[PDB]
């Protein structure tokens, strides 16, 4: 059963052909400044394993890596590219990435190794990485014989699988999505991750000290009000204090006991002074544990930068996610948490942070796809969309829209984008299912094109088996035919939501590609640092701000052409906090 290959002691010319499957193996999950443990090459001339110390010190091999005209097929080329950037080596000419190809074909498969991608096409002559390396405490790089055969079998699988994957992408009309959107984006994300974001660790440490003082104060107040010390971060110990010792009403249970979620606590606050203190404690504790201590653990002590990893092949809608650290959920909604952003600073002297965000991209995308006359007109007038929605559903003039009305119309707009249901809206607004249904009925009377879209997309999902986004991303929805109401309804909400969230994802990905090309043409030093779903965050010399104020919004607004305008707001300042 063994797979033949040359365990090479030196790089030869036949290893440097102009098309190859290439494996540059990085086993550590976080590949930043991580070891490359081995290299495999499969091409017309055979199969090869190279020790990294050998290949990466060889000038011909390094030149071949960096030659755009020598084409490589890979799995997770970003991982390799970034590990190589940390070694000062450029990887070019990646023409096929099996991880991104598998992801586009079916995001639900959760493909995260070559074996899983291969199994999609009945190819099983390669082991799962977890089988080779083990998992958790028992994870380890095996001896050279085992390692080499594994890397060669992965390269061989990539070599074999490129054509059937490209053929299927082409049938799905996704070949341009791979080659013109996701692959070029992978290189851009590699640059962003490698650059990292500078952190003002002294400021974080000072915030930490202040938080600890406040946590101490509130913690003691809680014990005082409870008449007893207990573990406040234990929903089970906390439940006993609240619902047994203090006799608060049980408005909601969980699988294993009493609910103490913030929405339940907010309702209990009027009964006892301890409740507001628990909420405050939770707010502070979240900032302290997750943000202060968490960021300080992953900042690089030499450069004081954090280097996130954007998972490009995870979400079911086509969004990125971000890990270790997650830089897409830094606090902003509450002022106390928002100050954490004062610790994210430019990487060079006399540079600034510049942030640009789409205004209501999801609702604008919905206006476009539904071709709803009223909603399109609203965005063509650049109206406040929540005030307009309130005017329509409550049948009042602009003058007559009260703050509570705008708040409830806003909630309907979110429900509409998420996939509307009377239960979901009733829970959000703390009203009855009947009252929620009335709001939804009035919404659909005012936006009949949106109503027709929502009916039609559920039917299309049933008929075709999947739904698609503007640039032809797809998501299969087999549960749409379930005879279980809850299972089927969740799938219907995915059918409604995915073309909106996913098309917004497509647009900003295209904007990033367009933006980097414009930045290069203009030879600006500005560069991307982060993407947070509908916003791009850059840093640049202060002398580039005026040019960015015109360039970045224009590129983001013109990335696609819709039946309504796209609108982009922007701000800049000395820290991420100030870019407001």
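Positions refer to the first chain, counted from 1.
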Exercise. Would 489 to 497 or 416 to 424 have the larger average of its C-alpha temperature factors, as given in the entry?
Worked result: 416 to 424
Problem set entry | Of 36 to 44 and 509 to 517, the one with larger mean CA B-factor | 36 to 44
Problem set entry | Candidate set 11, 568, 20, 23 [ranked by C-alpha B-factor, highest] | 11
For this session: Identify, among 259, 328, 95, 315, the residue whose C-alpha carries the highest B-factor in the deposited PDB entry.
Result: 259
For this session: Looking at the entry's B-factor column for C-alpha atoms only, identify whether residue 527 ranks in the lowest, middle or highest third of its chain.
Result: lowest
Problem set entry | Ranked C-alpha temperature factor of residue 538 among modelled chain residues, by third | lowest
Problem set entry | Record-listed C-alpha B factor of residue 297: chain third | highest
For this session: Compare the C-alpha B factor of residue 145 with those of the other modelled residues in its chain, then answer lowest, middle or highest third.
Result: highest
Seminar exercise, completed: Sorting the chain's modelled residues by C-alpha B-factor and splitting them into thirds places residue 564 in the lowest
